[PDB]
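In what follows, every chain begins at residue 1, and chains take the letters A, B, ... in the order their sequences are listed. These values consider heavy atoms only, across backbone and side chains, with no hydrogens, waters or symmetry-generated copies.
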Protein chains: 2
Amino acid sequence: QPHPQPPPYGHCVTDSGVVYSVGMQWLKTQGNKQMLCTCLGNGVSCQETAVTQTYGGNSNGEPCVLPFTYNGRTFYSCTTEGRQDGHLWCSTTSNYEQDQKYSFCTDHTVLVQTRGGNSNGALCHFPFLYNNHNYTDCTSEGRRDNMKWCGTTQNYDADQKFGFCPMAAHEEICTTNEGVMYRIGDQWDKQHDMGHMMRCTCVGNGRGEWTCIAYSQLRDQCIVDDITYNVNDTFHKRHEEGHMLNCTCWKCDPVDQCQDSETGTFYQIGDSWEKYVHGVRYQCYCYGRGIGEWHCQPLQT
Amino acid sequence: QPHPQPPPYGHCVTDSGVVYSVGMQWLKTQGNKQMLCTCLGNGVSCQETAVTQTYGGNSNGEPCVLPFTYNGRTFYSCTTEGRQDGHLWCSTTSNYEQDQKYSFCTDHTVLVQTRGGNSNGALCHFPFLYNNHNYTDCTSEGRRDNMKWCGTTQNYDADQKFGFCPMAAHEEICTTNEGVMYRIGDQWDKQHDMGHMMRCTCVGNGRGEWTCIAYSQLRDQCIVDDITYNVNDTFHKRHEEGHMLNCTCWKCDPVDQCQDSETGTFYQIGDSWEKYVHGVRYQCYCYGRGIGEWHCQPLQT
Ligand SMILES: *[C@@H]1O[C@H](CO)[C@@H](O)[C@H](O)[C@H]1NC(C)=O
Ligand SMILES: *[C@@H]1O[C@H](CO)[C@@H](O)[C@H](O)[C@H]1NC(C)=O
Ligand SMILES: *[C@@H]1O[C@H](CO)[C@@H](O)[C@H](O)[C@H]1NC(C)=O
Ligand SMILES: *[C@@H]1O[C@H](CO)[C@@H](O)[C@H](O)[C@H]1NC(C)=O
Ligand SMILES: *[C@@H]1O[C@H](CO)[C@@H](O)[C@H](O)[C@H]1NC(C)=O
Ligand SMILES: *[C@@H]1O[C@H](CO)[C@@H](O)[C@H](O)[C@H]1NC(C)=O
Ligand SMILES: [Zn+2]
Ligand SMILES: [Zn+2]
Ligand SMILES: [Zn+2]
Ligand SMILES: [Zn+2]
Ligand SMILES: [Zn+2]
Ligand SMILES: [Zn+2]
Ligand SMILES: [Zn+2]
Ligand SMILES: [Zn+2]
Ligand SMILES: [Zn+2]
Ligand SMILES: [Zn+2]
Ligand SMILES: [Zn+2]
Ligand SMILES: [Zn+2]
Ligand SMILES: [Zn+2]
Ligand SMILES: [Zn+2]
């Protein structure tokens, strides 16, 4: 394979045969595990994927470790999970339950892996210097076709190293507990309902999640219940989340108890329970949060 | 300007001189106003920007009108605003307060305006037919460089019309009430604090929003208050949102009242108020939602 044109002076020849220039960063991904690699003067340095441009939190605005674990799950991006305030947060270590350290995220708390260009899929380097101005995100500037690119080193004017910034990706398939594969936007009727039928949609939410909705009516009050799932794959474990809304018809009355959708049983806030559904043991919990919010995860060994 | 190679048979020569093929769609944007244009056999047809791949809501899963108005503001994407359940929703008409019709969004409730390629910035056409398979999102397939593209017509195998899908954009600047411009990630200390000092960050949230945080400690309890702002521009009006958290040290006790950050006054749920700050009249409201949530908008004429 040929080698880049200097500057920068110095190259890294990686295990796969790919040649990166000094100052470049790229992602080494093994199954679901991710490493952030750097081409230093003496060779390749790999470490925990750190994502910057954070603020607040108990960690003095330290960078994210992406992915991170929290509440038995893995998060590949910042989340609002666990928060009533809607703020996107991330763990500053790989294990949140252990270390308990976090920061809040901004529109720049992401790593952009480039395509095409000079850089062999290297990450964007921010800030990159172009026309004597520092760009902290991808630009259309200097291009007739208006395509969004970035420098893959600190100085593009000098190094001429770049790549194109693609649209962010998400999983395209929702796989049902019955093994049925659907695409984002597909609709079907729920396979295992509590007499009260449900309408399903493959929503995605970057994890191939599907949501099932059931509408109840007494002409005075309208009870709306929804359950969201995802099946396990290489990146994600199974998860289940149910809500219940009690609206006058709308005007919402808080729902402070949970109803498991596959049993029909009523649980109170702070209650845990187990269920065997479709040949798998689940552990459940009732949060409430005025929306009858309950979660389930498969029983772990 | 030259004309495309058929198929498709037939072309549209637009006001700007741009030539689109029959079956193509593009966005005509006038200031903050947006139109969705189609190249039909007889010419150009424009209408309200409709975004599909929705589900649920009181409208039978009708498409989004993007942008839409809700609660005195304009939304260019789906929002969770107003919802305690975190579900992304959109209005099915341009005015929500009037028509009250909505759908819920999926990972496909977006319109992707292409760059480069054959198509002059045309929107992605989903599904597009490639290698006798229908693609409902951008692909890496058929490309060595792994760049993400889409067909800009129903049949790419036949029409050969495509464009590249760029990374989604957001506003890069947070402009302060004092007129100070910051970039996403910049930090500063708040200009007008209630004795209790605040640390600011230019967060973005696709609207150049900046959040100010103040930490209070009694060693037993930790009160955390945050205020989020954006100044007016061509796309967005001014908005202000404050929260207050009361955590033991964490374990949260719900905060069911509001404290205006620029006055220090305590308001209860369902209370409205006015304030004159930095030479502008504001109308305010106390929602609570266990997080002392209050919003302000400038007084309208
Ligand atoms: C550009 O950024 C680098 C550090 O990111 C800084 O050292 C340099 O002073 C900046 N210069 C310009 C031209 O903005
Ligand atoms: C998915 O989960 C089932 C356990 O219910 C397990 O047997 C299977 O090996 C898992 N496979 C994948 C693709 O993770
Ligand atoms: C909804 O409200 C009615 C009274 O307002 C109450 O009886 C009912 O329990 C609430 N929800 C359910 C699950 O019935
Ligand atoms: C592809 O999609 C079009 C409608 O979107 C449909 O009419 C056609 O049958 C589909 N065919 C294939 C090959 O998937
Ligand atoms: C922004 O708001 C101020 C009113 O406070 C108004 O005078 C000014 O014209 C507005 N300008 C823009 C750029 O929208
Ligand atoms: C936080 O909790 C303490 C008692 O637990 C309460 O006195 C205090 O009012 C709460 N918040 C504030 C704003 O003081
Ligand atoms: Zn070399
Ligand atoms: Zn909010
Ligand atoms: Zn940006
Ligand atoms: Zn079954
Ligand atoms: Zn998955
Ligand atoms: Zn819900
Ligand atoms: Zn959960
Ligand atoms: Zn022609
Ligand atoms: Zn939730
Ligand atoms: Zn997709
Ligand atoms: Zn001032
Ligand atoms: Zn704006
Ligand atoms: Zn907050
Ligand atoms: Zn508001």
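Of the atoms belonging to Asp226(B), it is side-chain heavy atoms, and not backbone ones, that fall under 4.5 Å from chain A. For chain B, no part of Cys252(A) is nearby; none of its heavy atoms comes within less than 4.5 Å. Interface residue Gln53(B): only side-chain heavy atoms are found under 4.5 Å from chain A. Proximity to chain A (any heavy atom under 4.5 Å) is shown, for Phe104(B), by neither the backbone nor the side chain. Using a 4.5 Å cut-off between heavy atoms, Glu172(A) contacts chain B through its side chain alone, with no backbone atom that close. Only the side chain of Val112(B) comes within contact range of chain A, judged by heavy atoms closer than 4.5 Å.
Rounding to the nearest 0.5 Å gives a distance of 10.5 Å between OH of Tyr55(A) and SG of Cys202(B). Atom-to-atom distance recorded for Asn58(B):CG and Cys222(A):SG is 11.0 Å, nearest 0.5 angstrom. A distance of 7.0 Å separates CG in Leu88(A) from CG in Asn205(B), rounded to the nearest 0.5 Å.
Each of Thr136(B), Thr80(B), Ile213(B), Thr52(B) has some count of heavy-atom pairs under 4.5 Å with chain A, and the biggest count is that of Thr136(B). Heavy-atom pairs under 4.5 Å with chain B were tallied for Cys165(A), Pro254(A), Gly185(A); the largest tally goes to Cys165(A). Chain A forms more heavy-atom pairs under 4.5 Å with one residue of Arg143(B), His133(B), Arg289(B) than with any other, namely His133(B). Top candidate by heavy-atom pairs under 4.5 Å with chain B, chosen from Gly204(A), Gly61(A), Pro166(A), is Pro166(A). The greatest number of non-hydrogen atom pairs below 4.5 Å with chain A, out of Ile291(B), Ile184(B), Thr201(B), is found for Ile184(B).
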**Residue pair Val203(B), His87(A): steps toward the side-chain contact (heavy atoms from CB on, under 4.5 Å) verdict** = CA-CA 10 Å; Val203(B) 183; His87(A) 302 305; over 6 Å; no

**Item:** Stepwise side-chain contact (heavy atoms from CB on, under 4.5 Å) check, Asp145(B) with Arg115(A)
**Value:** CA-CA 6 Å; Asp145(B) 57 14; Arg115(A) 289 165 195 256; over 6 Å; no

**Item:** Residue pair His170(A), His108(B): steps toward the side-chain contact (heavy atoms from CB on, under 4.5 Å) verdict
**Value:** CA-CA 10 Å; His170(A) 51 258; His108(B) 285 182; 3.6 Å; yes

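Scanning both residues, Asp85(B) and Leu245(A), for their nearest heavy atoms gives OD2-CD1, 3.5 Å. Nearest heavy atoms, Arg183(B) versus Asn134(A): NH2-O, 2.8 Å. Closest approach of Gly116(A) and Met147(B) over heavy atoms only: N-CG, 3.8 Å.
The shortest distance between side-chain heavy atoms of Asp137(A) and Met167(B) falls below 4.5 Å.
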